[PDB]
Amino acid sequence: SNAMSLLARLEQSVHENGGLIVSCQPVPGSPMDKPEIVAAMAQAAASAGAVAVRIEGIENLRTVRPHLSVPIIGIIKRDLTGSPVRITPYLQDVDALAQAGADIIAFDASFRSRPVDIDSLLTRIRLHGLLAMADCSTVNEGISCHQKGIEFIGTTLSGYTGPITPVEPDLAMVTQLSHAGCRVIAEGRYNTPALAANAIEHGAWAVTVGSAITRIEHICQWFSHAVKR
């Protein structure tokens, strides 16, 4: 299938080029938050080592797609009244992402109150013949998604569903999931090359880096903080 051949080509690409995935999500409402600029970042990253990119939003994805040759992991972020889930919560979101050219669809796979169950989101992804990525927050969530046959298990939500976000990335989750057979994408707070290397060392198949590459305001804050005395 096109999905299996894409996975094979991505596995080859990670093996030959290194497992770097770049999330092209500027701060929303930022000067940088324009679809053409999102497109430019994605092209720049893909020219310089990114084996794939993550893109949020239909307008961004439609602008990016025609000018990008690597796989795109697509998400939609919503804010819901009754549920804390934001990442690709609806079947309609899956449909739109598929129609706009996502190669892989990522979605919140946490054990939290939500409008559509995980199995239904996954079925809808499979209906479009696309690969699925589970954005997880705990080992148990990751294992549960692995059991369903989901191709990519992300640590994306670890630290974003509990009481506080740790400073360091969740390397223990990477370690435990990868050694349980998951194809792990380490994601969340991998904001130095050393940390990204650390994820690979702990079993991650690839690492997604976001802020350190595509959020100028955040990078500036890091430096600004360092220089004040």
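For every residue, the number given is its place in the sequence shown, counted from 1.
According to the PDB record, 160-168 carries the higher mean C-alpha B-factor of the two stretches 160-168 and 28-36. Among all modelled residues in its chain, residue 192 ranks in the lowest third by Cα B-factor. Residue-level temperature factors show residue 54 in the lowest third of its chain, judged at the C-alpha atom.
In the deposited entry, the Cα temperature factor of residue 178 sits in the bottom third of values across the chain's modelled residues. The PDB entry assigns residue 12 a C-alpha temperature factor belonging to the highest third of its chain's modelled residues. Sort the chain's modelled residues by C-alpha temperature factor and residue 220 lands in the highest third, per the entry.
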